[PDB]
file coords-v2.cif (mmCIF, C-alpha atoms and all ligand atoms)
data_data
#
loop_
_atom_site.label_atom_id
_atom_site.label_comp_id
_atom_site.auth_asym_id
_atom_site.auth_seq_id
_atom_site.Cartn_x
_atom_site.Cartn_y
_atom_site.Cartn_z
CA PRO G 1 -56.31 -10.91 -2.53
CA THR G 2 -56.47 -7.10 -2.88
CA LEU G 3 -53.50 -6.47 -5.18
CA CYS G 4 -50.89 -8.60 -6.96
CA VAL G 5 -47.20 -7.88 -7.26
CA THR G 6 -45.33 -10.02 -9.77
CA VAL G 7 -41.73 -10.84 -8.84
CA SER G 8 -39.53 -10.78 -11.98
CA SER G 9 -36.38 -12.91 -12.41
CA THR G 10 -34.77 -10.23 -14.57
CA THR G 11 -35.63 -7.08 -12.70
CA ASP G 12 -36.54 -7.61 -9.01
CA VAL G 13 -33.99 -7.90 -6.19
CA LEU G 14 -34.32 -8.71 -2.46
CA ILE G 15 -32.32 -7.29 0.49
CA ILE G 16 -32.29 -9.14 3.83
CA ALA G 17 -31.24 -6.81 6.53
CA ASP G 18 -29.03 -7.57 9.56
CA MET G 19 -30.57 -10.96 10.29
CA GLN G 20 -27.83 -11.65 12.84
CA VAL G 21 -27.52 -13.38 16.24
CA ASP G 22 -26.94 -10.09 18.09
CA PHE G 23 -30.24 -8.62 16.92
CA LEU G 24 -32.32 -11.78 16.98
CA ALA G 25 -31.29 -14.19 19.74
CA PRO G 26 -32.68 -13.77 23.27
CA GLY G 27 -29.18 -13.47 24.76
CA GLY G 28 -27.28 -10.99 22.65
CA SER G 29 -26.47 -7.33 22.88
CA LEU G 30 -29.11 -5.56 20.83
CA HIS G 31 -32.14 -7.85 20.91
CA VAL G 32 -34.91 -6.60 18.58
CA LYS G 33 -38.30 -7.68 19.96
CA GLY G 34 -40.14 -9.97 17.53
CA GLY G 35 -36.82 -10.42 15.68
CA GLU G 36 -36.88 -14.25 15.27
CA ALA G 37 -40.60 -14.36 14.27
CA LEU G 38 -39.61 -12.80 10.94
CA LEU G 39 -37.41 -15.78 9.95
CA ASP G 40 -40.42 -17.97 9.07
CA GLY G 41 -41.75 -15.34 6.63
CA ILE G 42 -38.41 -14.20 5.17
CA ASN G 43 -37.23 -17.79 4.64
CA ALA G 44 -40.40 -18.39 2.60
CA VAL G 45 -40.04 -15.27 0.43
CA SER G 46 -36.37 -15.97 -0.37
CA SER G 47 -37.39 -19.64 -0.95
CA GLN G 48 -40.45 -19.47 -3.18
CA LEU G 49 -40.15 -16.35 -5.34
CA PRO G 50 -37.71 -15.91 -8.19
CA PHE G 51 -35.78 -12.68 -7.61
CA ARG G 52 -33.05 -11.81 -10.03
CA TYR G 53 -30.69 -11.50 -7.09
CA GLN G 54 -30.67 -11.75 -3.28
CA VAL G 55 -28.41 -9.93 -0.80
CA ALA G 56 -28.20 -10.34 2.95
CA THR G 57 -26.46 -7.60 4.96
CA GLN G 58 -24.15 -7.86 8.01
CA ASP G 59 -23.43 -5.24 10.73
CA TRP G 60 -19.73 -5.87 11.18
CA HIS G 61 -18.02 -3.61 13.79
CA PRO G 62 -14.42 -3.80 15.12
CA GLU G 63 -13.74 -4.45 18.85
CA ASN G 64 -13.46 -0.69 19.54
CA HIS G 65 -15.96 0.90 17.15
CA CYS G 66 -17.24 4.47 17.58
CA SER G 67 -20.93 3.57 18.07
CA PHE G 68 -20.31 1.68 21.31
CA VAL G 69 -21.08 3.19 24.73
CA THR G 70 -17.49 2.27 25.73
CA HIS G 71 -16.33 4.80 23.13
CA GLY G 72 -19.14 7.38 23.43
CA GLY G 73 -21.76 5.97 21.05
CA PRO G 74 -25.48 5.10 21.44
CA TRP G 75 -25.18 1.32 21.48
CA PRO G 76 -23.77 -1.57 23.53
CA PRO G 77 -21.04 -3.48 21.67
CA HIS G 78 -22.72 -5.70 19.08
CA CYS G 79 -21.77 -7.59 15.89
CA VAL G 80 -18.03 -7.47 16.65
CA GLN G 81 -16.15 -9.04 13.72
CA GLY G 82 -15.89 -12.85 14.04
CA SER G 83 -17.87 -12.77 17.26
CA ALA G 84 -20.72 -15.30 17.49
CA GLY G 85 -23.30 -12.49 17.67
CA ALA G 86 -22.09 -11.06 14.36
CA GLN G 87 -22.96 -14.28 12.54
CA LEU G 88 -26.13 -14.65 10.53
CA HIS G 89 -28.79 -16.49 12.55
CA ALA G 90 -28.96 -20.29 12.12
CA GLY G 91 -32.69 -20.08 11.35
CA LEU G 92 -32.06 -18.01 8.22
CA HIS G 93 -31.83 -19.93 4.89
CA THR G 94 -28.86 -18.52 2.95
CA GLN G 95 -29.20 -20.95 0.08
CA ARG G 96 -30.84 -18.46 -2.33
CA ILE G 97 -28.56 -15.58 -1.32
CA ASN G 98 -26.09 -14.47 -4.00
CA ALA G 99 -24.06 -12.07 -1.81
CA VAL G 100 -23.43 -11.02 1.77
CA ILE G 101 -22.55 -7.32 2.20
CA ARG G 102 -20.94 -5.89 5.31
CA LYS G 103 -21.23 -2.41 6.87
CA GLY G 104 -19.88 -0.35 9.81
CA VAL G 105 -16.46 -1.70 9.09
CA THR G 106 -14.22 1.20 10.11
CA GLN G 107 -13.55 2.26 13.69
CA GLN G 108 -14.28 5.95 13.01
CA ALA G 109 -17.78 5.81 11.40
CA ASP G 110 -21.05 3.89 11.61
CA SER G 111 -23.36 2.93 8.75
CA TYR G 112 -27.03 2.10 8.83
CA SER G 113 -27.22 1.90 5.03
CA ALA G 114 -26.24 -1.11 2.94
CA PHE G 115 -25.10 1.32 0.24
CA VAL G 116 -22.65 3.76 1.87
CA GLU G 117 -20.04 3.20 4.56
CA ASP G 118 -17.03 5.21 5.73
CA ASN G 119 -18.79 8.54 4.88
CA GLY G 120 -18.85 9.22 1.10
CA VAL G 121 -17.34 5.77 0.25
CA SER G 122 -19.60 3.13 -1.27
CA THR G 123 -20.06 -0.59 -0.51
CA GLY G 124 -20.51 -1.05 -4.28
CA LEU G 125 -24.02 -2.44 -3.71
CA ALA G 126 -25.72 0.27 -5.73
CA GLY G 127 -23.18 -0.40 -8.47
CA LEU G 128 -23.50 -4.18 -8.52
CA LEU G 129 -27.33 -4.10 -8.55
CA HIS G 130 -27.48 -1.56 -11.42
CA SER G 131 -24.76 -3.54 -13.16
CA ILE G 132 -27.06 -6.57 -13.14
CA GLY G 133 -30.22 -4.92 -14.47
CA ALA G 134 -32.11 -4.71 -11.19
CA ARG G 135 -34.75 -1.99 -11.33
CA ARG G 136 -36.93 -2.57 -8.23
CA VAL G 137 -35.68 -3.69 -4.78
CA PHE G 138 -37.60 -5.36 -1.96
CA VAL G 139 -36.49 -4.93 1.65
CA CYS G 140 -37.12 -7.04 4.77
CA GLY G 141 -35.30 -7.70 8.06
CA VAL G 142 -34.01 -5.51 10.91
CA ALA G 143 -33.92 -2.85 12.20
CA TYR G 144 -36.98 -1.18 10.66
CA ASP G 145 -36.09 2.21 12.20
CA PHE G 146 -32.38 1.80 11.22
CA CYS G 147 -30.83 -0.58 8.64
CA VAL G 148 -34.12 -1.14 6.80
CA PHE G 149 -34.99 2.56 6.92
CA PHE G 150 -31.68 3.92 5.59
CA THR G 151 -31.06 1.09 3.11
CA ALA G 152 -34.51 1.63 1.54
CA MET G 153 -33.88 5.37 1.45
CA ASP G 154 -30.42 5.11 -0.14
CA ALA G 155 -31.95 2.74 -2.70
CA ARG G 156 -34.32 5.57 -3.75
CA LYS G 157 -31.38 8.00 -3.68
CA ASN G 158 -29.73 5.62 -6.18
CA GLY G 159 -32.67 5.33 -8.60
CA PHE G 160 -34.30 2.02 -7.61
CA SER G 161 -38.00 1.41 -7.02
CA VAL G 162 -38.34 0.39 -3.43
CA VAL G 163 -40.92 -1.90 -1.85
CA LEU G 164 -40.73 -2.54 1.89
CA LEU G 165 -42.17 -5.87 2.99
CA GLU G 166 -44.17 -4.43 5.90
CA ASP G 167 -44.89 -7.65 7.83
CA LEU G 168 -41.25 -8.88 7.50
CA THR G 169 -39.58 -6.19 9.59
CA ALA G 170 -39.11 -5.16 13.29
CA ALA G 171 -37.82 -2.08 15.15
CA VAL G 172 -35.52 -1.14 18.04
CA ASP G 173 -38.14 1.41 19.03
CA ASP G 174 -41.83 1.30 18.12
CA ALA G 175 -42.33 5.01 18.97
CA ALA G 176 -40.29 5.70 15.82
CA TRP G 177 -42.79 3.83 13.60
CA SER G 178 -44.93 6.91 12.96
CA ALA G 179 -42.00 9.18 12.08
CA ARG G 180 -40.14 6.66 9.90
CA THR G 181 -43.22 5.43 7.94
CA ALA G 182 -44.12 8.97 6.90
CA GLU G 183 -40.54 9.61 5.77
CA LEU G 184 -40.54 6.38 3.72
CA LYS G 185 -43.90 7.15 2.04
CA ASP G 186 -43.06 10.80 1.23
CA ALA G 187 -39.74 9.65 -0.28
CA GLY G 188 -41.80 7.38 -2.55
CA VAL G 189 -41.14 4.01 -0.94
CA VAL G 190 -44.14 1.74 -1.10
CA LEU G 191 -45.00 -0.38 1.93
CA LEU G 192 -46.55 -3.74 1.17
CA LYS G 193 -47.53 -6.97 2.93
CA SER G 194 -45.54 -9.96 1.57
CA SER G 195 -48.75 -11.98 0.90
CA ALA G 196 -49.28 -9.79 -2.16
CA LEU G 197 -46.27 -11.27 -3.96
CA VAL G 198 -46.49 -13.89 -6.76
CA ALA G 199 -43.90 -15.39 -9.14
CA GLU G 200 -43.90 -15.07 -12.96
CA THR U 1 13.80 -7.11 -5.19
CA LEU U 2 10.94 -5.58 -7.20
CA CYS U 3 7.99 -4.46 -5.07
CA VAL U 4 4.28 -3.70 -5.50
CA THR U 5 2.79 -1.04 -3.24
CA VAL U 6 -0.88 -1.57 -2.34
CA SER U 7 -3.38 1.31 -2.51
CA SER U 8 -6.38 1.92 -0.24
CA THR U 9 -8.21 3.61 -3.14
CA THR U 10 -7.65 1.30 -6.13
CA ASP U 11 -6.43 -2.12 -4.94
CA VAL U 12 -8.85 -4.94 -4.21
CA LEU U 13 -8.13 -8.46 -2.90
CA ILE U 14 -10.12 -11.53 -3.98
CA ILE U 15 -9.83 -14.70 -1.87
CA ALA U 16 -10.96 -17.58 -4.03
CA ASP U 17 -13.09 -20.41 -2.54
CA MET U 18 -11.39 -21.03 0.81
CA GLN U 19 -14.11 -23.46 1.81
CA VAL U 20 -14.37 -26.63 3.89
CA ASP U 21 -14.62 -29.06 0.94
CA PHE U 22 -11.48 -27.93 -0.85
CA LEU U 23 -9.41 -27.58 2.29
CA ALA U 24 -10.48 -29.65 5.30
CA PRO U 25 -9.84 -33.38 6.03
CA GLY U 26 -12.91 -35.34 4.88
CA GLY U 27 -13.77 -32.51 2.47
CA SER U 28 -15.23 -33.96 -0.72
CA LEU U 29 -12.90 -32.23 -3.24
CA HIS U 30 -9.44 -31.77 -1.76
CA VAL U 31 -6.88 -29.32 -3.07
CA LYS U 32 -3.46 -30.56 -1.99
CA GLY U 33 -1.65 -27.91 0.04
CA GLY U 34 -4.78 -25.74 0.20
CA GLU U 35 -4.98 -25.61 4.01
CA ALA U 36 -1.33 -24.48 4.17
CA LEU U 37 -2.28 -21.24 2.39
CA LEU U 38 -4.26 -20.00 5.38
CA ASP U 39 -1.31 -18.39 7.14
CA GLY U 40 -0.35 -16.17 4.17
CA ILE U 41 -3.80 -15.07 3.05
CA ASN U 42 -4.55 -14.05 6.67
CA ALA U 43 -1.35 -12.00 6.63
CA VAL U 44 -2.14 -10.36 3.30
CA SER U 45 -5.76 -9.77 4.43
CA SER U 46 -4.83 -8.13 7.72
CA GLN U 47 -1.48 -6.43 7.06
CA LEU U 48 -2.38 -4.60 3.84
CA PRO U 49 -4.62 -1.52 3.27
CA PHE U 50 -6.74 -2.83 0.39
CA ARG U 51 -9.71 -0.66 -0.61
CA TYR U 52 -11.83 -3.78 -0.53
CA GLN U 53 -11.59 -7.55 -0.05
CA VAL U 54 -13.96 -10.20 -1.43
CA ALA U 55 -14.35 -13.86 -0.45
CA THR U 56 -15.94 -16.00 -3.13
CA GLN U 57 -17.92 -19.17 -2.44
CA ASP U 58 -18.72 -22.11 -4.70
CA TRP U 59 -22.37 -22.50 -3.75
CA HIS U 60 -24.10 -25.43 -5.51
CA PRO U 61 -27.62 -26.91 -5.29
CA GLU U 62 -27.60 -30.61 -4.30
CA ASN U 63 -28.36 -31.83 -7.83
CA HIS U 64 -25.90 -29.58 -9.68
CA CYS U 65 -25.00 -30.19 -13.36
CA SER U 66 -21.27 -30.26 -12.55
CA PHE U 67 -21.55 -33.18 -10.13
CA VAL U 68 -20.48 -36.62 -11.38
CA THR U 69 -23.92 -37.90 -10.32
CA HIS U 70 -25.47 -35.72 -13.01
CA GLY U 71 -22.78 -36.20 -15.64
CA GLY U 72 -20.31 -33.48 -14.61
CA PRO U 73 -16.62 -33.73 -13.58
CA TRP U 74 -16.73 -33.38 -9.78
CA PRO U 75 -17.93 -35.16 -6.63
CA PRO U 76 -20.84 -33.48 -4.92
CA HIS U 77 -19.08 -30.45 -3.37
CA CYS U 78 -20.02 -27.13 -1.72
CA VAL U 79 -23.72 -27.83 -1.49
CA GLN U 80 -25.73 -24.75 -0.48
CA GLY U 81 -26.06 -24.73 3.34
CA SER U 82 -23.80 -27.64 4.19
CA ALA U 83 -20.76 -28.04 6.41
CA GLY U 84 -18.77 -28.42 3.15
CA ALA U 85 -19.82 -25.10 1.58
CA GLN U 86 -18.70 -22.97 4.54
CA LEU U 87 -15.58 -20.86 4.44
CA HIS U 88 -12.88 -22.61 6.43
CA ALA U 89 -13.03 -21.46 10.04
CA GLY U 90 -9.29 -20.71 9.96
CA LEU U 91 -9.67 -17.90 7.45
CA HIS U 92 -9.93 -14.46 9.08
CA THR U 93 -13.04 -12.81 7.60
CA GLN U 94 -12.58 -9.61 9.66
CA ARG U 95 -11.37 -7.46 6.75
CA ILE U 96 -13.62 -8.92 4.07
CA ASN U 97 -16.17 -6.41 2.83
CA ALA U 98 -18.26 -8.85 0.78
CA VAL U 99 -18.89 -12.52 0.07
CA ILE U 100 -19.94 -13.55 -3.43
CA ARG U 101 -21.53 -16.88 -4.22
CA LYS U 102 -21.17 -18.65 -7.57
CA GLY U 103 -22.42 -21.69 -9.49
CA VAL U 104 -25.75 -21.01 -7.87
CA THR U 105 -28.31 -22.56 -10.26
CA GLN U 106 -28.62 -26.24 -11.20
CA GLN U 107 -28.33 -25.78 -14.95
CA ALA U 108 -25.11 -23.70 -15.13
CA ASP U 109 -21.59 -23.79 -13.72
CA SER U 110 -19.16 -20.97 -12.94
CA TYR U 111 -15.46 -21.33 -12.25
CA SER U 112 -15.18 -17.55 -12.58
CA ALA U 113 -16.32 -15.23 -9.80
CA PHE U 114 -17.40 -12.77 -12.56
CA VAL U 115 -19.76 -14.73 -14.82
CA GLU U 116 -21.83 -17.88 -14.67
CA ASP U 117 -21.18 -20.31 -17.58
CA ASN U 118 -24.29 -18.99 -19.35
CA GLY U 119 -23.38 -15.27 -19.44
CA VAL U 120 -25.26 -14.29 -16.25
CA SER U 121 -23.08 -11.87 -14.23
CA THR U 122 -22.51 -12.39 -10.49
CA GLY U 123 -22.37 -8.63 -9.93
CA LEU U 124 -18.69 -8.72 -8.98
CA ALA U 125 -17.53 -6.56 -11.91
CA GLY U 126 -20.06 -3.81 -11.16
CA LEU U 127 -19.23 -3.84 -7.47
CA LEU U 128 -15.49 -3.52 -8.10
CA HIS U 129 -16.04 -0.76 -10.68
CA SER U 130 -18.43 1.02 -8.31
CA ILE U 131 -15.90 1.39 -5.48
CA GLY U 132 -13.17 2.44 -7.95
CA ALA U 133 -11.02 -0.69 -8.13
CA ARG U 134 -8.36 -0.35 -10.79
CA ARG U 135 -6.43 -3.58 -10.07
CA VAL U 136 -7.30 -6.87 -8.38
CA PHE U 137 -5.07 -9.23 -6.40
CA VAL U 138 -6.07 -12.88 -6.62
CA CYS U 139 -5.27 -15.68 -4.14
CA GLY U 140 -6.79 -19.00 -2.96
CA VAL U 141 -8.10 -22.06 -4.80
CA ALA U 142 -8.15 -23.40 -7.38
CA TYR U 143 -5.26 -22.07 -9.45
CA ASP U 144 -6.36 -24.13 -12.47
CA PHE U 145 -10.07 -23.30 -12.21
CA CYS U 146 -11.59 -20.54 -10.10
CA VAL U 147 -8.38 -18.54 -9.82
CA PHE U 148 -7.51 -18.86 -13.51
CA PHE U 149 -10.92 -17.87 -14.83
CA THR U 150 -11.41 -15.02 -12.33
CA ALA U 151 -8.05 -13.60 -13.36
CA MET U 152 -9.04 -13.80 -17.06
CA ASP U 153 -12.49 -12.30 -16.46
CA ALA U 154 -11.00 -9.51 -14.38
CA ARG U 155 -8.85 -8.88 -17.49
CA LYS U 156 -11.87 -8.78 -19.82
CA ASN U 157 -13.55 -6.28 -17.50
CA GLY U 158 -10.47 -4.08 -17.77
CA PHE U 159 -8.81 -4.55 -14.35
CA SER U 160 -5.08 -5.05 -13.81
CA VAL U 161 -4.48 -8.39 -12.17
CA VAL U 162 -1.74 -9.50 -9.86
CA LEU U 163 -1.84 -13.15 -8.95
CA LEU U 164 -0.26 -14.20 -5.65
CA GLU U 165 1.45 -17.36 -6.98
CA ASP U 166 2.54 -18.50 -3.51
CA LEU U 167 -1.03 -18.22 -2.11
CA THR U 168 -2.64 -20.69 -4.49
CA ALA U 169 -2.91 -24.44 -4.81
CA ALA U 170 -4.17 -26.30 -7.88
CA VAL U 171 -6.43 -29.33 -8.04
CA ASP U 172 -4.03 -30.63 -10.73
CA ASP U 173 -0.27 -29.85 -10.68
CA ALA U 174 0.52 -30.78 -14.32
CA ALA U 175 -1.98 -28.19 -15.65
CA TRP U 176 0.07 -25.43 -13.92
CA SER U 177 2.31 -25.09 -17.01
CA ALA U 178 -0.54 -24.46 -19.51
CA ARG U 179 -2.45 -21.99 -17.28
CA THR U 180 0.52 -19.74 -16.44
CA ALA U 181 1.31 -19.39 -20.15
CA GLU U 182 -2.28 -18.35 -20.84
CA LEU U 183 -2.22 -15.96 -17.85
CA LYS U 184 1.22 -14.64 -18.82
CA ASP U 185 0.01 -13.20 -22.12
CA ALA U 186 -3.43 -12.44 -20.70
CA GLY U 187 -1.47 -9.51 -19.26
CA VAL U 188 -1.56 -10.89 -15.73
CA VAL U 189 1.28 -10.34 -13.27
CA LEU U 190 2.61 -13.23 -11.16
CA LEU U 191 4.09 -12.25 -7.86
CA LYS U 192 5.06 -13.67 -4.45
CA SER U 193 3.01 -12.04 -1.64
CA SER U 194 6.25 -10.91 0.07
CA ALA U 195 6.54 -8.33 -2.74
CA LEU U 196 3.48 -6.41 -1.53
CA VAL U 197 4.01 -3.37 0.72
CA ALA U 198 1.67 -0.77 2.22
CA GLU U 199 1.70 3.04 1.88
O1 LIG W 1 -30.13 -2.12 12.17
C1 LIG W 1 -29.10 -1.42 12.14
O2 LIG W 1 -28.65 -0.87 11.11
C2 LIG W 1 -28.28 -1.25 13.42
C3 LIG W 1 -28.92 -0.93 14.61
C4 LIG W 1 -28.15 -0.77 15.75
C5 LIG W 1 -26.78 -0.96 15.66
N1 LIG W 1 -26.19 -1.28 14.51
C6 LIG W 1 -26.90 -1.42 13.40
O1 LIG W 2 -11.79 -24.16 -8.56
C1 LIG W 2 -13.03 -24.07 -8.45
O2 LIG W 2 -13.67 -23.00 -8.32
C2 LIG W 2 -13.86 -25.36 -8.52
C3 LIG W 2 -13.25 -26.56 -8.86
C4 LIG W 2 -14.04 -27.71 -8.91
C5 LIG W 2 -15.40 -27.60 -8.62
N1 LIG W 2 -15.95 -26.44 -8.29
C6 LIG W 2 -15.23 -25.34 -8.23
CL CL W 3 -46.12 -5.23 -10.58
ZN ZN W 4 -24.16 -1.17 14.48
ZN ZN W 5 -17.99 -26.26 -8.36
#
call {"tool": "encode", "arguments": {"input": "coords-v2.cif", "output": "structure tokens", "more": "lines below"}}
Ligand SMILES: O=C(O)c1cccnc1
Ligand SMILES: O=C(O)c1cccnc1
Ligand SMILES: [Cl-]
Ligand SMILES: [Zn+2]
Ligand SMILES: [Zn+2]
result
Amino acid sequence: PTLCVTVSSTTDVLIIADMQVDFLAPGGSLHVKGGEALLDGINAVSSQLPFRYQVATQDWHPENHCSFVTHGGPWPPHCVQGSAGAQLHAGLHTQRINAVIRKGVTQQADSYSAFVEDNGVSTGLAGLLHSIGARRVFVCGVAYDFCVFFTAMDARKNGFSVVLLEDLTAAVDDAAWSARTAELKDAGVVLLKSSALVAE
Amino acid sequence: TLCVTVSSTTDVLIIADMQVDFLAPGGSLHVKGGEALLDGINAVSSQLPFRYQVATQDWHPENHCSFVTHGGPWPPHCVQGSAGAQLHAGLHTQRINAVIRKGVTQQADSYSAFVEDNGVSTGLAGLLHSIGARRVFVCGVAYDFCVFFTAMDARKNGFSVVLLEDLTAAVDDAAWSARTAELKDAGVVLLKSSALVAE
């Protein structure tokens, strides 16, 4: 192609962000346009490349969470714990996924990052990854302007190389694409089309 | 009447392999009395202020080395993406912060939730250390495999371990005697879940 990126089984990790019914199904609280289209591509990357580790994330709010309009927050209720919408989408292939990590778990605070949670408090993701030798993390999924954005940014904050799989992501708001992209690039995240990836 | 108060800063709960195959009717590898645990683990999971709670999952490829069909001990069980591999619907996942899969490659097994049989780490240790876990509570199945080895590995990684003896069932009841001895002087504490209290 134009450039080659070798995926390493010792050193490269993959994060699959909020691929859940509530974000992806037509019915469902917070539908992200072009959400389901990503499945095809993500399923293939998880499938055919040999990452050291793979993590999918899960927005996992209580019935009465702070970020809901019913309690003063920006969003409609979504990804309530044990609700159908909170489940990972049936079209996702979890077979090569070593861990599911949950966020937004406490009534009082929201989390867009896969790394932090209840304020200062960690999810232990940064820890586990480091602990297992991972040096460079790839990110795909939803929402580009939220979970993907902050997860990629906290990964830099924690010392990882970050590569965002450009074509395997979608946003709540496309007007935010300019703003967010700049912020990513200037924080040293490298955006990249998945078709540039090859195995060892 | 000797209690154990559970901390929201240091104490972490591990629920071991509460999946369809070990538990449900027509599951391929049945742990006797495994379904009956569901009441108590749900209570411990929801009534206690653990820092963190982790559900493990046996998660095997369809041609796994540990299957009898390939010369291992066990019927095909917990195949990746199968009815059988799912966590039992009757377990309340609401207060679980993470699910960890194990026995994930064809060529290696892993009774422990800490390490695959070939030294590869699952990441569990680093996660628990990251959040500041200082002791782990273990419950689920199987007492004589997953639960035993997790306990021991938690002890190698330098965690205190309390084992909820009433919230476990074993694949094999006779083995119970040999495992508890090994756990006893592994420094592990055996405790009925009705000894746990909050803050
Ligand atoms: O993608 C996310 O992180 C997100 C977006 C809206 C609501 N909850 C989570
Ligand atoms: O107890 C376990 O984890 C176990 C037992 C048999 C087969 N696979 C896993
Ligand atoms: Cl490279
Ligand atoms: Zn949310
Ligand atoms: Zn097994």
call {"tool": "residues_near_ligand", "arguments": {"input": "coords-v2.cif", "ligand": "ligand ZN 4 (chain W)", "cutoff": "9 Å", "atoms": "all atoms listed in the file", "output": "number ranges by chain"}}
result
G: 59-61, 65, 67-68, 75, 77-79, 103-104, 110-112, 147
call {"tool": "write_last_selection", "arguments": {"input": "coords-v2.cif", "atoms": "C-alpha atoms", "output": "tab-separated table (two decimals), keeping the file's coordinate frame"}}
result
chain	number	residue	atom	x	y	z
G	59	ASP	CA	-23.43	-5.24	10.73
G	60	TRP	CA	-19.73	-5.87	11.18
G	61	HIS	CA	-18.02	-3.61	13.79
G	65	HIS	CA	-15.96	0.90	17.15
G	67	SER	CA	-20.93	3.57	18.07
G	68	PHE	CA	-20.31	1.68	21.31
G	75	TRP	CA	-25.18	1.32	21.48
G	77	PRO	CA	-21.04	-3.48	21.67
G	78	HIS	CA	-22.72	-5.70	19.08
G	79	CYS	CA	-21.77	-7.59	15.89
G	103	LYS	CA	-21.23	-2.41	6.87
G	104	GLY	CA	-19.88	-0.35	9.81
G	110	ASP	CA	-21.05	3.89	11.61
G	111	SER	CA	-23.36	2.93	8.75
G	112	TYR	CA	-27.03	2.10	8.83
G	147	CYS	CA	-30.83	-0.58	8.64
call {"tool": "closest_residue", "arguments": {"input": "coords-v2.cif", "among": "G:121, G:164, G:84, G:25", "to": "residue G:141", "atoms": "only C-alpha atoms"}}
result
G:164
call {"tool": "atom_distance", "arguments": {"input": "coords-v2.cif", "atom1": "atom CA of residue U:23", "atom2": "atom CA of residue U:36"}}
result
8.9 Å
call {"tool": "atom_distance", "arguments": {"input": "coords-v2.cif", "atom1": "atom CA of residue G:106", "atom2": "atom CA of residue U:50"}}
result
12.9 Å
call {"tool": "closest_residue", "arguments": {"input": "coords-v2.cif", "among": "G:40, G:173, G:187, G:196", "to": "residue G:145", "atoms": "all atoms listed in the file"}}
result
G:173
call {"tool": "atom_distance", "arguments": {"input": "coords-v2.cif", "atom1": "atom CA of residue U:181", "atom2": "atom CA of residue U:144"}}
result
11.8 Å
call {"tool": "residues_around", "arguments": {"input": "coords-v2.cif", "residues": "residue U:3", "least_positions_apart": "3", "cutoff": "8 Å", "atoms": "only C-alpha atoms", "output": "list in words"}}
result
residues 195, 196 and 197 of chain U
call {"tool": "axis_aligned_box", "arguments": {"input": "coords-v2.cif", "around": "stretch 106-122 of chain U", "padding_each_side": "5 Å", "output": "AutoDock Vina command-line options"}}
result
--center_x -21.9 --center_y -19.1 --center_z -14.6 --size_x 23.4 --size_y 24.4 --size_z 19.6
call {"tool": "residues_around", "arguments": {"input": "coords-v2.cif", "residues": "stretch 9-17 of chain G", "least_positions_apart": "6", "cutoff": "7 Å", "atoms": "all atoms listed in the file", "output": "PyMOL selection string"}}
result
chain G and resi 50-57+133-142+147-148
call {"tool": "closest_residue", "arguments": {"input": "coords-v2.cif", "among": "U:91, U:138, U:16, U:99", "to": "residue U:163", "atoms": "only C-alpha atoms"}}
result
U:138
call {"tool": "residues_near_ligand", "arguments": {"input": "coords-v2.cif", "ligand": "ligand ZN 5 (chain W)", "cutoff": "12 Å", "atoms": "only C-alpha atoms and all ligand atoms", "output": "short mmCIF file (atom, residue, chain, number, x, y, z; two decimals) with C-alpha atoms, in the frame of the given file"}}
result
data_model
loop_
_atom_site.label_atom_id
_atom_site.label_comp_id
_atom_site.auth_asym_id
_atom_site.auth_seq_id
_atom_site.Cartn_x
_atom_site.Cartn_y
_atom_site.Cartn_z
CA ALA U 16 -10.96 -17.58 -4.03
CA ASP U 17 -13.09 -20.41 -2.54
CA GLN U 19 -14.11 -23.46 1.81
CA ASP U 21 -14.62 -29.06 0.94
CA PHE U 22 -11.48 -27.93 -0.85
CA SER U 28 -15.23 -33.96 -0.72
CA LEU U 29 -12.90 -32.23 -3.24
CA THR U 56 -15.94 -16.00 -3.13
CA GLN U 57 -17.92 -19.17 -2.44
CA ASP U 58 -18.72 -22.11 -4.70
CA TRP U 59 -22.37 -22.50 -3.75
CA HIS U 60 -24.10 -25.43 -5.51
CA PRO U 61 -27.62 -26.91 -5.29
CA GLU U 62 -27.60 -30.61 -4.30
CA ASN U 63 -28.36 -31.83 -7.83
CA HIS U 64 -25.90 -29.58 -9.68
CA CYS U 65 -25.00 -30.19 -13.36
CA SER U 66 -21.27 -30.26 -12.55
CA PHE U 67 -21.55 -33.18 -10.13
CA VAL U 68 -20.48 -36.62 -11.38
CA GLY U 72 -20.31 -33.48 -14.61
CA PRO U 73 -16.62 -33.73 -13.58
CA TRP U 74 -16.73 -33.38 -9.78
CA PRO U 75 -17.93 -35.16 -6.63
CA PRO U 76 -20.84 -33.48 -4.92
CA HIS U 77 -19.08 -30.45 -3.37
CA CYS U 78 -20.02 -27.13 -1.72
CA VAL U 79 -23.72 -27.83 -1.49
CA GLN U 80 -25.73 -24.75 -0.48
CA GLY U 84 -18.77 -28.42 3.15
CA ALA U 85 -19.82 -25.10 1.58
CA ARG U 101 -21.53 -16.88 -4.22
CA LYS U 102 -21.17 -18.65 -7.57
CA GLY U 103 -22.42 -21.69 -9.49
CA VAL U 104 -25.75 -21.01 -7.87
CA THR U 105 -28.31 -22.56 -10.26
CA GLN U 106 -28.62 -26.24 -11.20
CA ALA U 108 -25.11 -23.70 -15.13
CA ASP U 109 -21.59 -23.79 -13.72
CA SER U 110 -19.16 -20.97 -12.94
CA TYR U 111 -15.46 -21.33 -12.25
CA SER U 112 -15.18 -17.55 -12.58
CA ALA U 113 -16.32 -15.23 -9.80
CA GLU U 116 -21.83 -17.88 -14.67
CA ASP U 117 -21.18 -20.31 -17.58
CA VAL U 141 -8.10 -22.06 -4.80
CA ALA U 142 -8.15 -23.40 -7.38
CA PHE U 145 -10.07 -23.30 -12.21
CA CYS U 146 -11.59 -20.54 -10.10
CA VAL U 171 -6.43 -29.33 -8.04
#
